[PDB]
């Protein structure tokens, strides 16, 4: 359990907070001014499982496009909450384009991209005023890539007065937290409701992220948008995102997540959504699709045969999921095992809803299948793969019948 309690903030129809499932979100990478490209990518992300979708609203042409994007989404019955990402000129764009402001379901403010000196407080105030006027929620999202330089100096001076000064790195982290907390407190004091404020304070190193979010969670009551910013490419990005989020999520900290992956060229923007879902599912926080538990396989089993069967099982579950979702409520929780030999095969298969254990070296050429913790059958000969997937189909029909 352990979930941190928070007020509920609605982003469109999606509730965020301690009483609600942790929401997966993402961000487009098309130019927002391109209505056709951006609308298609919003739909793509939403269908992959992005419950909320953010898009940059960076200039006038972007802002003018947002109402039309929203129109086209509604025209296909797609109710996907949109978050506007504002930097530098957020106050100008919201002021000048009230239809954009109304079309968005949430505004993102970064307290480090408000402007210079005195201009900061006024810009912040205008954006919060507009959100208040329209009943919109706001994310106050700090990021250490854009840390308020005047706040850092204030905190550097406080640090230098300590009997034992902390390192420069630690003060940067202090400043990042203080940036978010101060603006949070300022928005509340201005009259913005607790039901309209989400916070983030992102850094790009996992152990720093854990420190930051523990402070945010202690010092505020807001729902928290959690992510490891600038996680990077490929396996590194995936691992770093999972490693940063897991300790916090297991502690009950975090109400919505975004995975900040750099796509490989040609790689679809949906990869980040898949990774976000896998993180939540790995930790038992949500269930999105059936999952396969499979052993690595070693010298006790024939590698090609074992690897191909596991891959075939995973492919079939993926093909059947759209249909299963529609017919079989709760099927998201399905656990299937594919195992290499007698060492752990039966035992792991018995912990799954349904599982197969192949014969390894020195074993009779037969493959026991277990369901609900006991022997269902034993398969042999050709077509082991097809016969098993039929049994999984049969199992699903019965277990997850309405």
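Positions refer to the first chain, counted from 1. Definition used throughout: the rigid core is the maximal C-alpha set that superposes within 1.5 Å between two forms.
Here the rigid core sets the fit, and in 7 other deposited structures of this protein the C-alphas of 298-306 stray farther than those of the other stretch, out of 75-83 and 298-306. Across the two stretches, 254-262 and 83-91, the PDB entry reports the greater mean Cα temperature factor for 83-91. The deposited model assigns a higher average Cα B-factor to 152-160 than to the other stretch when 210-218 and 152-160 are compared.
Ranking 205, 108, 96, 225 by the C-alpha B-factor listed in the PDB entry places 96 at the top. Per the deposited coordinates, the residue with the largest Cα temperature factor out of 248, 239, 198, 132 is 132. Among all modelled residues in its chain, residue 170 ranks in the middle third by Cα B-factor.
For residue 184, the recorded CA temperature factor ranks within the middle third of the chain's modelled residues.
Ranked by Cα temperature factor within the chain, residue 191 sits in the highest third according to the deposited record. In the PDB entry, a CA B factor belonging to the lowest third of its chain's modelled residues is recorded for residue 271.
In the deposited entry, the Cα temperature factor of residue 145 places it in the lowest third of its chain's modelled residues.
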